[PDB]
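Asks:
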Amino acid sequence: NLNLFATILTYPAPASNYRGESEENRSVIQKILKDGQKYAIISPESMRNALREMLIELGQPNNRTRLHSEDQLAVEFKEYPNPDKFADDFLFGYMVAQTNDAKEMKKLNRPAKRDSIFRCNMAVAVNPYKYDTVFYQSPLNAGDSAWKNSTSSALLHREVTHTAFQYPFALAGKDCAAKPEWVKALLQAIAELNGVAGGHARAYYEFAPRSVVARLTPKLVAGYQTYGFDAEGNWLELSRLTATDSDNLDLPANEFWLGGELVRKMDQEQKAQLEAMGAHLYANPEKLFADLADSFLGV
Amino acid sequence: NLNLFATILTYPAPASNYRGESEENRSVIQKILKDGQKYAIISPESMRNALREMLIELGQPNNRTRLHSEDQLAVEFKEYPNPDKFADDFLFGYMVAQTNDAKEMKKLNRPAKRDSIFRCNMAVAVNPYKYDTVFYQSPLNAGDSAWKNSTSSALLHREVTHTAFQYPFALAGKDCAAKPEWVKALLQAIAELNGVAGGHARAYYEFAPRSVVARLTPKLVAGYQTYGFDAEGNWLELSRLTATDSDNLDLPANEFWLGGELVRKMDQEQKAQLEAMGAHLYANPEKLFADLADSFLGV
Amino acid sequence: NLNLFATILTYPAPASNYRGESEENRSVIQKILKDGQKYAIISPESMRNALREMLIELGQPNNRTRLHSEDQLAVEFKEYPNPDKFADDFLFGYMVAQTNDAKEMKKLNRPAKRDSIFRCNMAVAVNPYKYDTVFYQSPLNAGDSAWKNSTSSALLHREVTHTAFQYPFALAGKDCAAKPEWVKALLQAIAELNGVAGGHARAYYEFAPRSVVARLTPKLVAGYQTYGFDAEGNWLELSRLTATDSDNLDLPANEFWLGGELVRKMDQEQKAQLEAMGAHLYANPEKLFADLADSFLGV
Amino acid sequence: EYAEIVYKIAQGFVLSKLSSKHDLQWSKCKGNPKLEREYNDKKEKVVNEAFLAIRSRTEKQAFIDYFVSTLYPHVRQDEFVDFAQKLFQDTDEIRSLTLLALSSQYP
Amino acid sequence: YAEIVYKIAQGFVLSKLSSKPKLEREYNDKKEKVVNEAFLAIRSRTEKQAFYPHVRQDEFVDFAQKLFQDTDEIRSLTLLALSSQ
Amino acid sequence: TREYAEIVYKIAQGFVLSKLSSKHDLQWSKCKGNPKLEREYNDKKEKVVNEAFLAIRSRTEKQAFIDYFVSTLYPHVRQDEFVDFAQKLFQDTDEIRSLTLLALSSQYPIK
Amino acid sequence: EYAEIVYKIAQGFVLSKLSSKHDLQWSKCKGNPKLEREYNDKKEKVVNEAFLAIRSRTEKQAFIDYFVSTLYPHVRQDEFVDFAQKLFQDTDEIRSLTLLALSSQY
RNA sequence: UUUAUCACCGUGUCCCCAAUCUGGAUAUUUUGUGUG
DNA sequence: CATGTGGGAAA
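Chains as they are written, first to last, in full-length UniProt numbering: chain A, 3 to 301; chain B, 3 to 301; chain C, 3 to 301; chain D, 405 to 511; chain E, 406 to 425, 437 to 467, 476 to 509; chain F, 403 to 513; chain G, 405 to 510.
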């Protein structure tokens, strides 16, 4: 009961969140895999920034905040980083100094701090990239100055994919009694989140949890899942032989399994037998993932 | 109370709004979806300019106006942009900065406008594209040779489809100080908009009335819907689950069900059972908006 | 009966685990193979560190502990490393000597640690490297001038690969006095490995479950294997000739193989016939190390 | 001659388009410098239009669909067969070859 | 088998030309330019329009070949006919 | 090729000069008598050459280097030897990448 | 002749890198002894790290790509192509000259 | 120009990071002329 | 310690 693994899905929608740049007026999208096709990715640190923004939104005191200032990207820090503070997002970071005062403010905490109790991984579009593009025309020219932009107008390009994508994450039960409410707030933020995409006014979609399929175990942060579903989402077949006989034949236990939206499928005869072992009677992901907090955490 | 998720309303009719250019003299339309078929789209920025024009026709003091001048696509920027601008810049827009003059515009506000309160998304034809086309044009030549156009008389092609399309959008509440007087007009503009196409002399197309299933609760910008109807406009594929629920047991908790042009479908008995907890008493989308705009706001 | 040979591989997942260094702002990865392609590797000492950490996880006394202190990489070294140290020093590690004090530390033990019972080798990506990268971040500054880090906001790069890789290991069974208590901890640890990476804040990657082929023979350290699987992972084609002639034709006998996760392949006919020779029954690799560790050991 | 064919077809295409738009046989330009200026302006307009048209689309089927339709290569009566049979790497390389050939012709 | 497409295109174009001294040269040059109108109509096709050594075997075999790589056939009639004029 | 090395140097310097002249309508012919013009001239040259150098050095690969070089760079005008130089280029490109890096980095103004 | 230009390249690299990183020049260094001490020790550190970095990776591609660093100091106007061709071909004596030039500055 | 000889023993490259802010491909147009 | 250049092809 000292480790938690999970993978979550989202609803299909047109894509966004360009990262690369090119003079050719095309905002390229990051890609990784070469199995004969191409996929799209979303880096995890952007989602970490979104989590920090949401913990800003909810009522949790934290010492890091982003400010809009001179064109250099900047974020002020005010008080020195400290383990014993209402701040947990401000807890994760570690930064070195040439001076570093007198032994890190005279032996109060310790500068190089662990990553976090939370660990994540990139997302995969689970749908091959397609060469479709969208074409738009941006006129930038004024007849009365008013500090206009570049003189000549231009025509630009974007690209977009209609897909949905998933990513795994995990955490450990090393230190949880010290931060019960912090973990509760973090889980509440995970249950539903906003942003994580560069383009707000265009191509709006959010990472609403489509399915959660994992639980806690005293197996010392080990797993069996491959962290990948099929196109339709009914991945449980690759784990069907893993879940049907959870009680016997040296198979992974029933306590490790859950159900999100896929459990609401029309067929229910096998739901009766899976309910005889696993606790998966949850249809709404939010209620289930909130209920998981009480079981996983000390309280 | 602080978030608003809404849906879309359109009628089927022949299509318009070409963007591509083929040297073979065809006005190709944009296709992005890849599920074995093609789908027609309209960029959200077209709708943004349409909304700007709709605000223009009503009394709304703005800084941006379109002018017809030298062949470069020019936009009259009027005086210097203001963030407390009475029509658009506060509502949605940006104040440019190439060098941002001296001392931040002589100590005036903040140049970059991060927030775009109207947050929309691309449209989808939800009807497979066919390669049907029509060449109804036989261009002409000048006979009296007075200020002649291109000498040759060519033949070109055009393609249109019988389709109805939707575009999801949503918004949240930011600051009620100046929010009402502009947002109430914005909702009226959403309820009734025009254009969003170059071609109106031919293929006059408007998408003002149809069913709307808009949805607002303080769930912190969470969306359970899929943002998609069926072929015949019956959203019921979700109305069996998130609408029949009565927030009493083992069901999603909701209290803000809304209807539209679909409430008058053939069956009526289940409308009575949905009336026990829902607010789908609106035949007119206009009447629905007139009430839900006041409900979403403070008063 | 006195030797144990095995090779372990992993599930596919995007893995960066940067190890190299470069001013070119790209965290290079290690490549060793030369066949016209590049393969990523993981050096064995990282796996040794992970094994030490896991021995720390279970109740196991140790003399070596990593401390978090001044920027120089340092180890708290605690007591003299004696060969009769319960978990770490006896199993592996060495007792260095510069002065060797006086009269050989009061004529105690031996500063020549020659045996390292755990024999380990590096891993091979068995997937060609791709020149893809990720444009994942830009460093940003501080605005309130508190604990000010580097002056400017820099840009850099990183590269990732979607890969799964295997490694061999071996050990010789000689001692049975103190080993049976500690060896069982090693086998349990091998089944579960956690770490072996630069930073798990991003691209946390674990390689716990997959097919395994352990082999114990009284052949005095001899292996017919090649220590390599296919791209799909069906290395067992070489044993097809070996299994058929277990009884006759002057070829290895029926008790000549062990199974793993790969047994759950779709076909079943030859698995029924292969059961007559080898112990191809363990579907879960973690269960395999529970039994065959007993047979190899005294009990 | 492989790449020479690409160079010749690009040069012939640009000359043919320039002749269709404006009078051919550049030698008639002769002394009047304004004729050279307008000729160069039209030349660079056509060339950069083609450059943009080929640059924005360089992805497999669409690239060849635009390339074969809007360009007029030589006859290559029987030598064309080898040019057709190795079409995959041919396209993979002639994207760069055609871009280079088009970029080569500026005033 | 590209040469087969070249041969059939050239032969069929000459067949239409025959169906209906600088005078001889200009006549052939202008007539071949006229036949190009049929090709621009054919190359306006997308998937479905307008559907020598032997007849029995091709229908048994080439019919299968036509329907699997029809996307390839688009270059044949376009590239080959244009090369003539 | 030494001839192609001279070609690379010439096209690099020509691209730099032409892009500077087109983008910020600035000519070195007005150098004399306007030292402040010399400061903003050197500033613009720094900006453009630094951007180009970082972009070219950012990644190394066959297809990426080749298509970036053929797209974002405009080679000089020569009649026929382009076929020979290109065909020699396509077997081996790393030396060409190093040579174009040398030519582009040589353009930094002194002090 | 190229030995002198290589030495000048290394010297210019060291001085320009130090001046860019920590805004220090020779005259103000001559100002007060503490500034000689600080500037001198930092110069030792930077030249030492450069020498340690360059002492390894002894082959064609590795040495060329590590030469790509230092921003090709003071290459100046390319009046001579022989350096680009013959010296790239030799690729051995250049490493020795660069090592000697870097070691000469301490 | 003869005769013999393990370069041997140990070692996490590790700690933090958003490609960010705005953008109607718009403008015009008889497949027309005929027939047991 | 710094910028430079043209023109065709087929039964």
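Heads up, the beta-carbon is just placed ideally off N, CA and C, and yes, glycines get one too.
1) Distance check for C:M279 and A:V30, CA to CA, integer angstroms please.
2) Would you identify the three-state DSSP class for B:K33, choosing helix, strand or coil?
3) Are there 16 or more other CB atoms within 10 angstroms of the CB of C:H202, so buried, or fewer, so exposed?
4) Alpha helix (DSSP H) containing F:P437: first to last residue?
5) Roughly how many angstroms separate the alpha carbons of B:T153 and B:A144, rounded to a whole number?
6) On the criterion of 16 or more Cβ atoms from any shown chain inside 10 Å, does B:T9 qualify as buried, or is it exposed?
7) Which residues share a DSSP beta bridge with A:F7?
8) Please state the DSSP three-state secondary structure of A:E47.
9) Say whether chain A places a C-beta atom closer than 8 Å to the C-beta of C:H282.
10) Please look up how many angstroms separate the CB atoms of G:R461 and G:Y470, rounded, as I've assumed it's under 8 Å.
11) According to DSSP, what are the bridge partners of B:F94?
12) Taking 8 Å as the threshold, find out whether the stretch 158 to 166 of chain B comes into contact with the stretch 134 to 149 of chain B through three or more Cβ pairs.
13) Quickly, what does DSSP pair B:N123 with across the bridge? List them, please.
14) Would B:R266 be called buried (16 or more neighbouring beta carbons within 10 Å of its own) or exposed?
15) Over what stretch of residues does the beta strand (DSSP E) that includes C:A17 continue unbroken?
16) Just confirm the distance between the C-beta atoms of A:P16 and B:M124, as a whole number of angstroms; I'd bet it's less than 8 Å.
17) Along the chain, where does the beta strand (DSSP E) that runs through A:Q139 open and close?
18) Can you give the Cα-Cα distance for C:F88 and C:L188, rounded to whole angstroms?
19) Kindly indicate which three-state DSSP category F:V472 falls into: helix, strand or coil?
20) Kindly identify the DSSP beta-bridge partner or partners of A:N64.
21) For the stretch 151 to 183 of chain A, which residues have a CB atom closer than 7 Å to at least one CB atom of chain D, in sequence order?
22) Under the three-state reduction of DSSP, which class applies to A:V198: helix, strand or coil?
23) Would C:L4 and C:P220 qualify as a contact pair, given that the criterion is a beta-carbon distance under 8 Å?
24) Ignore the nearest five residues each way along the sequence and tell me which others in E:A505's own chain have a CB closer than 6 Å to its CB.
25) Which of the three DSSP states, helix, strand or coil, is assigned to B:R160?
26) At least one CB of chain E closer than 8 Å to the CB of D:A488: is that the case?
27) For F:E453, go through chain G and note every residue whose CB falls closer than 9 Å to its CB, in chain order.
28) Taking a Cβ distance cut-off of 9 Å, strictly less, list which residues of the stretch 200 to 217 of chain A are near chain B, in chain order.
29) Does DSSP classify B:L264 as helix, strand or coil?
30) Can a CB atom of chain D be found closer than 8 Å to the CB of A:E26?
31) By Cβ distance below 8 Å, which residues in the same chain neighbour C:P46 in space, the five residues on each side in sequence not counted?
32) Indicate whether at least one CB of chain E lies closer than 8 Å to the CB of B:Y131.
33) Going by C-alpha distance, which of B:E78, B:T67, B:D293, B:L238 is nearest B:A193?
34) Taking the alpha-carbon positions, what's the B:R242 to E:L503 distance?
35) In chain order, what residues of the same chain lie with their CB nearer than 7 Å to the CB of G:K421, ignoring the 5 residues before and after it?
36) Whose Cβ in chain F lies nearer than 7 Å to the Cβ of D:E408?
Replies: Reading it off the structure:
1) 56 Å
2) strand
3) buried
4) 437 to 460
5) 8 Å
6) buried
7) A:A172
8) helix
9) no
10) 6 Å
11) B:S118
12) yes
13) According to DSSP, B:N123 bridges with nothing at all.
14) exposed
15) 15 to 17
16) 5 Å
17) 136 to 140
18) 12 Å
19) helix
20) Answer by DSSP bridge pairing: none, since A:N64 is not bridged.
21) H159
22) coil
23) yes
24) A414, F455
25) strand
26) yes
27) Those within 9 Å of F:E453 in chain G number zero; the least Cβ separation is about 14 Å.
28) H202, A203, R204, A205, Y206, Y207, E208, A210
29) helix
30) yes
31) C122, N123, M124, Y169
32) no
33) B:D293
34) 56 Å
35) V450
36) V485
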